[PDB]
Every structure is written in C-alpha cells, then in structure tokens.
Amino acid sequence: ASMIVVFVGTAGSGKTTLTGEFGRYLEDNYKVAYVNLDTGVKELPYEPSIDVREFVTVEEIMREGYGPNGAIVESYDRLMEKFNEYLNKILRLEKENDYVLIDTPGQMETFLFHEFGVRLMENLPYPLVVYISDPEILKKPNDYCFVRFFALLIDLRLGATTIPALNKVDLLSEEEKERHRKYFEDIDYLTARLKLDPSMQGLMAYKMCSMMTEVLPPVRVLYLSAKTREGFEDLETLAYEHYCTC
C-alpha cells in the first residue's frame, strides 16, 4: 500500500515537532498524511488529516470532573468505541498517500497499555515504529541498556519493528554525540562497562544485555534533530528498507 511511521516517545521527548518537521521535509518529494492520536495537546506544527480531539479533548473530560490521569484513560476508553471507524479512517489514508505519519499520545503508556493503541497496531500494514528518546537521560551505562530494552519491549508489545532514536542531537556536543554511539552502534562495550558495575543492578543490567550475545539482531540507533533535519534521510531508507523486507 504505502509507508506508515508511528512516532512513539515519552512526554517532552519532542516527538510531535519531529512528527511535523519530518513530514514537511517529506512533502517536498512525497504525498504525506498526518494522524494525531494524542487527546491532550495544545497546538501541532502540522495539519492533521486525522485528529482525536475532534472527538474528545482531555481538557473536556476535565471541565466534566476527572483529573489528568483519569481524563486520559477515559478518552481512550471512549475511543475504543469510535474505533472500527477511526481505524478504516487510516487505511483510506494509506492508498492516497506516500508516507503516513502517526502521532501517538504523550503518555506513551496510554498508547502502550490500552487496547486502543495495541489493536490499531495490529490493523496497520507493517508499520515502522520510531522510538524517540530524549538524550538527557543517557548519563550512566544502565540508562543505555534501559532505553534499548524498553525499545525492544515496544517492539514486543506493539508487534512492529521498533527503532531506537535519540532526539534533539543539536543540543549535543562533539565527542558526547559519539560517546552515545559508543554505547549504541557498538553493543559490546555497553555490556563491557556493565560487567564493571559491582552493584546488584549492574548484575541484571549486565545480565540483561547479552540480549544480543544470546539472540535478537543488533538494530541501528537513529540520531535525529527536528529543527536541523539531522538523520532525516536515514529515516526514509529504513522506512523503505523495512517496507521492502515486509
């Protein structure tokens, strides 16, 4: 049919921007759709073909009673109702578009723990998942293993090739933006330093890693910058290369 990319990434990871900034760069050579599944956001750098707000806004479920966490859960419980509609709504978008950029809710776990997100994922035609991570949590070894495991988690949960990605690599350094790569592209040295950590964690973080030594093909980490179109091109390849594979 055509390529679909789901941007999953925790609150404040700046994925929405990326979601928009990637599309406009893709509107130069490709026809682009824009699905927003987030029920709680103010603006959008983009014009959604599909918007969950038109049905329901967290802001609403507020002026009704619930608080934040409770509103969120109700929105996606009210969505699992306009579901089979809302689904098809994304397929009829497939065959009139080259890329289709899906923008999952800020509460990653919303999309991740509640049928609305999982199911929608089963119904999509081999979607690629780009797991945006914010580089300001990569400080110590575990953190690297932590983020990469979770990414695999997502892959597992959502059943869809999931790509680890660092965001906002502009606000990076020089060697820093390569230190990160030492704990990434290279999957061996990460485990190497984990073996050094004599602490309980270090034990199972280390033991955890070897998720490669055992089994589960390496995977390539994407470095991206919404603002300065960093690694944007590569997303495309991967997109195609995955779209091909499957």
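For clarity, a rigid core is taken as the largest C-alpha set superposing within 1.5 Å between two forms. One-based numbering along the sequence shown.
Core-fitted comparison in 5 other deposited structures of this protein shows that, between 43-51 and 205-213, the CA atoms farther from the shown form belong to 205-213. With each structure aligned by its rigid core, the stretch whose Cα atoms sit farther from this model in 5 other deposited structures of this protein, between 193-201 and 56-64, is 193-201. Per the PDB record, of the two stretches 154-162 and 85-93, 85-93 carries the greater mean B-factor over its C-alpha atoms. Set 59-67 against 32-40 and average the Cα temperature factors; 59-67 ends up higher. Within the selection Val129, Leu172, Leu112, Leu124, the deposited Cα B-factor values reach their highest point at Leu172. Each of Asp143, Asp77, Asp134, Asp103 has a CA temperature factor in the record; the biggest one is found at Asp77. Sort the modelled residues of the chain by CA B factor and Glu233 lands in the middle third.
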